[PDB]
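Beneath this line is the structure, given in structure tokens, with notes to follow.
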Amino acid sequence: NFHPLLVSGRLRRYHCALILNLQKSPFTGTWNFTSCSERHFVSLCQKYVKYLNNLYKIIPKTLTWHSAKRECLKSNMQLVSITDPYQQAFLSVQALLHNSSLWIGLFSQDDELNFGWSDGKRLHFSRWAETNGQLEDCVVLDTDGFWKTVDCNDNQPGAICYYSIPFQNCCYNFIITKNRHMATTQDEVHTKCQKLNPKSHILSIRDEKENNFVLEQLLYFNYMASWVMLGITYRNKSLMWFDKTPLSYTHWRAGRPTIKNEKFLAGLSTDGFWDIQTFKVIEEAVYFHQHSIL
Amino acid sequence: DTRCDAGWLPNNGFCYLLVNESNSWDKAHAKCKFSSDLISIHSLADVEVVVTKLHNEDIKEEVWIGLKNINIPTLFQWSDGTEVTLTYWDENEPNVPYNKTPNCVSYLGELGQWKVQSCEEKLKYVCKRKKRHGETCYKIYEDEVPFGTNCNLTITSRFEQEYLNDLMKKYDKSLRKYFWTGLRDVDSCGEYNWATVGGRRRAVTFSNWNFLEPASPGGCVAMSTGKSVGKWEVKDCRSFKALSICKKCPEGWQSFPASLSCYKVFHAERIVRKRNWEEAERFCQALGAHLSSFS
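Protein chains in written order, with the entry's author numbering: chain D, 1035 to 1046, 1057 to 1092, 1108 to 1223, 1249 to 1378; chain A, 358 to 390, 392 to 488, 508 to 625, 643 to 689.
Quick look at the structure:
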């Protein structure tokens, strides 16, 4: 369970790993690695209903979605809604203890393009399963802990119901197209986004509040988007931007990177951890120009 | 570009050659008058030509030069020509006898002074074959209140000091005037070396101070010409009005290990602007790179 955003994987003082919690983050449970000569906490040791201010009720009856909604509505109960990682893990472990895939409560409005929970709370969590599976407008919690996108007008062995852009003198844009150019990706971007309008340079960080702004703007259409790109590439035998201007805000992880290749992967984390990843295969470009930030 | 035959060093058309024969004055007047003419001094560069040659000048020796005088009283005239412009005699032995029909004159000393020997012995000689100085100019301004804001004069040898001395004596006609030389120190320690605008580390070879000039552990020395002519005067250089004379492969990489270094050079046409090795420290130093490292 190593999410490829905080670890550098390529063709390769002890190294020891730990689990990092990020105060109710959509990616809770990330694995980091540092020197284990320091002191940290130990919580679990492995040998051979009310939960977190919420209430849950499971029914083992075999019935449809609206039927389960009507069954739960008599006791003033609403169908399950996943908006936190802890309750998601609890729902998954309860479904595994029941040994079945139970109903998930939500519905869309216009041909499974705008999904929304029945609470009226802004989307802050996404744990979808696959991209080529959006055939219908409902989701089901599977065994692996993802959201299989199907039609929930079926008969599952049970159900569960619970109870409880211009910014700072700059304009951005988002491109949703399909591309296949996998060569010479260091001297085209300037001429690519310069033809759109004059006075248009690649995104440079000269302030401190733009990172949080683009972070809050990211989690809007993150169905299949999980990585963030940067404009730091091989420039003048160094790690700088594309334009002829020096760098001020360092975006390095630790130590001193010495990447001499013509390109690399400068990524942005979920909280703002500066991350660099050297690549040997170009099969990480999905994720570079099709559904990413350009 | 007049080139002479095997030894005659040229300077402005003519050329000189020293003969390795030790003979009297009459035999020398009969030998190079060889189809040659005796030496005659007319400028300043030929003095340098005479001093730098002669096998370290043969310090303990004398050289002949043709000067004649028949009528009384004494009246020197060249054997071939009448361009009497420069006289460089020793200080101060004129050696002019009472009365003598045969006259003679000789280079003495490393500086090349003129003396009048008896010319009854055998010695060597030199004979010939058919502002500015000759290699560099020397300019002077009208007034110089600050200390070396446009030029910094640097001296190396003694003959250059003699040349600047005769230049300034041809310029100067009165006393109470000072000059500037490249000799100062900013560390206020006491060490005196050839001053410059930064980057001077040569060792001092020659020095002409007075009896007791240096009395200050610093400052910038001067140069007067009233009585103690040609010597370095010492005085503070905080604010001293004095003139000065000025001398006028992961991906996309190409390299070769025959020099034990990975290079990166560019052409002169495919580039945007002409690029050199100067400001590369702004871009390549981020990878521990430096100038062309060849062993």
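We put the CB at the ideal spot given by N, CA and C, even for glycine.
Of the residues A:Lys388, A:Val484, A:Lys624, the one whose Cα lies closest to the Cα of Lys411 (chain A) is A:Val484.
Chain A has no Cβ within less than 8 angstroms of the Cβ of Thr1334 (chain D).
With the rule of 3 Cβ pairs closer than 8 angstroms, the segment 1269-1280 of chain D does not count as touching the segment 1154-1162 of chain D. Using a Cβ-Cβ distance cut-off of 8 angstroms, the segment 1195-1208 of chain D and the segment 1111-1118 of chain D are not in contact, since fewer than three pairs of beta carbons, one from each stretch, lie closer than that value. Going by beta carbons, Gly603 (chain A) and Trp557 (chain A) fall outside the 8 angstroms limit. Under the three-state reduction of DSSP output, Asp362 (chain A) falls in the coil class, being neither helix nor strand.
If you draw a straight line from the Cα of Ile1286 (chain D) to the Cα of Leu1200 (chain D), it comes to about 40 angstroms.
Within the segment 1309-1325 of chain D, contact with chain A at the beta-carbon level (separation under 9 angstroms) is assigned to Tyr1318, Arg1319, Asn1320, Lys1321, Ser1322, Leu1323, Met1324. A residue is called buried once 16 or more other Cβ atoms fall within 10 Å of its Cβ, and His1375 (chain D) is buried on that count.
Note on geometry: alpha-carbon atoms of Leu1349 (chain D) and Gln1361 (chain D) lie some 5 angstroms from one another. When C-beta atoms of the segment 461-478 of chain A are compared with those of the segment 410-430 of chain A, three or more pairs fall below 8 angstroms, so the two segments count as touching. In the three-state reduction of the DSSP assignment, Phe434 (chain A) falls in the coil class, being assigned neither a helical nor a strand state. With at least 16 other beta carbons inside 10 angstroms of its own, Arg561 (chain A) counts as buried.
Between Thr1329 (chain D) and chain A, the shortest Cβ-Cβ separation is not below 8 angstroms. Here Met545 (chain A) is buried. Its C-beta has 16 or more other C-beta atoms within 10 Å. When only Cα atoms are considered, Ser1353 (chain D) and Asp1359 (chain D) end up about 7 angstroms apart.
It is roughly 21 angstroms from the alpha-carbon of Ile1259 (chain D) to the alpha-carbon of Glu1171 (chain D). Inter-segment contact for the segment 1308-1326 of chain D and the segment 664-678 of chain A is present: three or more beta-carbon pairs are separated by less than 8 angstroms. CA-CA distance, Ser401 (chain A) to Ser476 (chain A), rounds to 27 angstroms. For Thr459 (chain A) against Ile428 (chain A), the beta-carbon gap comes to about 6 angstroms, under 8 angstroms, which counts as contact. Counting only residues of its own chain and dropping the five nearest sequence neighbours on each side, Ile1249 (chain D) has a CB closer than 6 angstroms to the CB of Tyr1256. Contact between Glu610 (chain A) and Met600 (chain A) is confirmed by a C-beta separation of about 6 angstroms, below the 8 angstroms threshold. Counting every other CB atom within 10 Å of its CB across the protein chains shown gives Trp1311 (chain D) a total of 16 or more, marking it as buried.
Under the Cβ distance rule, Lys1091 (chain D) does not count among the residues neighbouring chain A, no pair being separated by less than 8 angstroms. Taking 8 angstroms as the cut-off, the Cβ atoms of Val581 (chain A) and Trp571 (chain A) count as close. Between the segment 537-551 of chain A and the segment 653-665 of chain A, the count of Cβ pairs shorter than 8 angstroms is below three; the stretches do not touch. In this structure the segment 1121-1137 of chain D lies against the segment 1207-1221 of chain D, because at least three pairs of beta carbons, one per stretch, are closer than 8 angstroms. Remark: C-beta atoms of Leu1062 (chain D) and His1037 (chain D) do not approach each other more closely than 8 angstroms. Here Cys643 (chain A) carries a coil assignment [DSSP, helix/strand/coil]. Taking a 10 Å sphere around the C-beta of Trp647 (chain A), we find fewer than 16 other C-beta atoms and assign the residue as exposed. Under the 8 angstroms criterion on CB atoms, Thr1275 (chain D) is classed as non-interfacial with respect to chain A. Residue environment for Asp613 (chain A): exposed (fewer than 16 other C-beta atoms within 10 angstroms of its C-beta). The beta carbon of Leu654 (chain A) sits no closer than 8 angstroms to any beta carbon of chain D.
Residues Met1313 of the same chain have their beta carbon placed closer than 7 angstroms to that of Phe1372 (chain D), with the five preceding and five following residues left out of the count. For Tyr1307 (chain D) against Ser1185 (chain D), the beta-carbon gap comes to about 7 angstroms, under 8 angstroms, which counts as contact. Within 8 angstroms of the CB of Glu1368 (chain D), no CB atom of chain A is found; the nearest one sits about 15 angstroms away.
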